[PDB]
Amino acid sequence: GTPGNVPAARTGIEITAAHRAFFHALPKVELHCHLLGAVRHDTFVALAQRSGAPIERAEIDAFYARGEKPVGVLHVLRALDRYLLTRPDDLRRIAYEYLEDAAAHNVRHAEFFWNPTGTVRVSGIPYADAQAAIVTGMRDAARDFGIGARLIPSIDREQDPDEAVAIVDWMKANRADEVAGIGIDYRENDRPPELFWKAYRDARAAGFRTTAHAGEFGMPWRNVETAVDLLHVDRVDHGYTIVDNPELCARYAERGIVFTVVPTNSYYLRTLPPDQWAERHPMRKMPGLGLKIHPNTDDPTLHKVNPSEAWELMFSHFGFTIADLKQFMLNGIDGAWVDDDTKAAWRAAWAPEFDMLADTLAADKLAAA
């Protein structure tokens, strides 16, 4: 098969065991992953059985089925909030298990999204208890697997902008080194980023970094411009439609804005014909427009893609070379929400590591031959 059940590669590159070992060994950061999109199937089962959720073993499997013109998985996230996640400890568990799974693929630093609005308003778990539980999961995973992490409470853009302000209020009342900034997600259509100006102002005034989903679902490149130049985000999530405006691309290339990208993005898989998906995905054109991109899983267990596979897809389907992948690694370091000393250390250490893995890929290929 193919990672994420995406269309089969039409590029002539045959992925070998050597390639898979390379993609696996690559040191990685992950900057775009939703906690609730990283729940293991069997943990989903355990949560459902304990909560008595109105979801049977087979309803759980349409949830985890990843088809050829795949539907978006936002409804699964909604089901988790409404029926499955009923105690703070459930949030601890899924954070710990996500970080364990990321670490297994040599993710050394993961920044992940969680929507507090759903947890507080729908699950009925107080913010303070929810955040503490997630932070415990993070600290346990650092202890057990050596993976570092940041939590990014994220605005549910389908709810009123007052709920977004409420998140920043919660964050200010519960400061923790693990909690680094805010994002915004859920359905972008008709919920433009400027609607949430107040929460972004408040987050930045409180010393938090910010990011935003923008230009997904074919939404206008204007949304990317608004995120960067009104909300003043530190990085952008997706950003695909920016390719429609090469002038803006030039400006943001010069500013070095990092764009988190998701090869398994459901919208493009669903809307592009399978024979044109890899060819016409705007992500393919972004680096040539001068933009710094960085590949990620988004919803790894629901998209059926792990970090090693997300990196593989860039090479197998999207025409990016080994050298391009080294740049993407460096882009992830630049985009991470850590201090300059940490970034410098990662550049100095991971670049030579990458170089050795690239030489070993060549040696492994020769040995297979």
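Start at 1 and count along the sequence shown; that's the residue number.
Trainee: On mean C-alpha B-factor from the PDB entry, just flag whether 22 to 30 or 61 to 69 is the higher one.
Mentor: It is 61 to 69.
Trainee: Can you tell me whether 114 to 122 has a higher mean C-alpha B factor than 250 to 258 in this record, or the other way round?
Mentor: 250 to 258 has the higher mean C-alpha B-factor.
Trainee: Just the C-alpha B-factor column, please: which of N223, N189, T271, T297 has the biggest number?
Mentor: By C-alpha B-factor in the record, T271 ranks first.
Trainee: If you compare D234, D237, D275, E97, which has the highest Cα B-factor in the entry?
Mentor: Among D234, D237, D275, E97, the highest C-alpha B-factor in the entry belongs to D275.
Trainee: Looking at the temperature factor on the CA atom of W337, which third of the chain's modelled residues does it land in?
Mentor: According to the entry, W337 has a C-alpha B-factor in the chain's middle third.
Trainee: Relative to the other modelled residues of the same chain, rank the CA B-factor of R280 and answer lowest, middle or highest third.
Mentor: According to the entry, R280 has a C-alpha B-factor in the chain's highest third.
Trainee: Among the chain's modelled residues, which third holds the C-alpha B-factor of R82?
Mentor: It falls in the middle third of the chain.
Trainee: Divide the modelled residues of the chain into thirds by Cα B-factor and specify which third, lowest, middle or highest, holds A205.
Mentor: CA B-factor rank for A205: lowest third.
Trainee: Divide the modelled residues of the chain into thirds by Cα B-factor and specify which third, lowest, middle or highest, holds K172.
Mentor: Its C-alpha B-factor, which the entry lists for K172, ranks in the middle third among residues of this chain.
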